[PDB]
């Protein structure tokens, strides 16, 4: 692995790693309370034998620049972070894969960037969502204070998340957890669109997902393919991420 830095539109430095390979160029986008270490820890990275893998830390996470404001965590800024990585590696074709909100980011990048040949969204769909202001603010308060890491650790432990997902939360600055949560009130609720006709769009979720309807909506509206894994909930589906990586490898091959 080599490390890289690029700058987003708003000047935020975005840091990541590049794992060279002779195959397709894949860009990996982590979830909110995560960083780029999850790709190796989940076994997803090992499941892609040939790809040139680019894994970024989104703003405010990992080794990327701090933000600390709700507006600085607007979805459009994350999209800019990812597009800056596409610029650095200069390819005409990329395949994006994102987990949870990272999947939503990947879908939005696909909508706006014609260099995205494929986008895979794990446990996030493409449809418009309702984002209640009170629930957002309550969650932001719960994650940003002294007890915020413990709150998330307990939440994910009680819901059966894999250990790497439980542990990643404590690596995120609490102020960035709060600001990222509040960032949802700046555009995150709009549906995503297909970027161009030849793009391959894939949604993945738990077969037991309590809200599969919007995943089927994306099949109809975007021509996305839906992949299911054996799990009762989206959080538990994260235990299957390496297995999903093997199926991604089959597409890239």
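Numbering follows the first chain given and starts at 1.
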Checklist outcome for this item: Looking only at C-alpha temperature factors in the entry, 160 to 168 or 129 to 137, the higher average sits in 129 to 137
Next on the checklist: When the Cα temperature factors in the entry are averaged, is it 116 to 124 or 146 to 154 that ends up higher?
Outcome noted: 146 to 154
Item to check | Selection by C-alpha B-factor (highest) of 33, 224, 29, 213 | outcome: 213
Checklist entry - Out of 239, 16, 232, 13, which one has a C-alpha B factor higher than all the others in the entry? => result 232
Item to check | Entry-reported Cα temperature factor of residue 59, expressed as the chain third it lands in | outcome: lowest
Checklist outcome for this item: In terms of its chain's C-alpha B-factors, the third that includes residue 107 is the lowest
Checklist entry - If you rank the chain by CA B-factor, which third does residue 188 end up in: lowest, middle or highest? => result highest
Item to check | residue 68 CA temperature factor, ranked by third within the chain | outcome: highest
Checklist entry - If you rank the chain by CA B-factor, which third does residue 47 end up in: lowest, middle or highest? => result highest
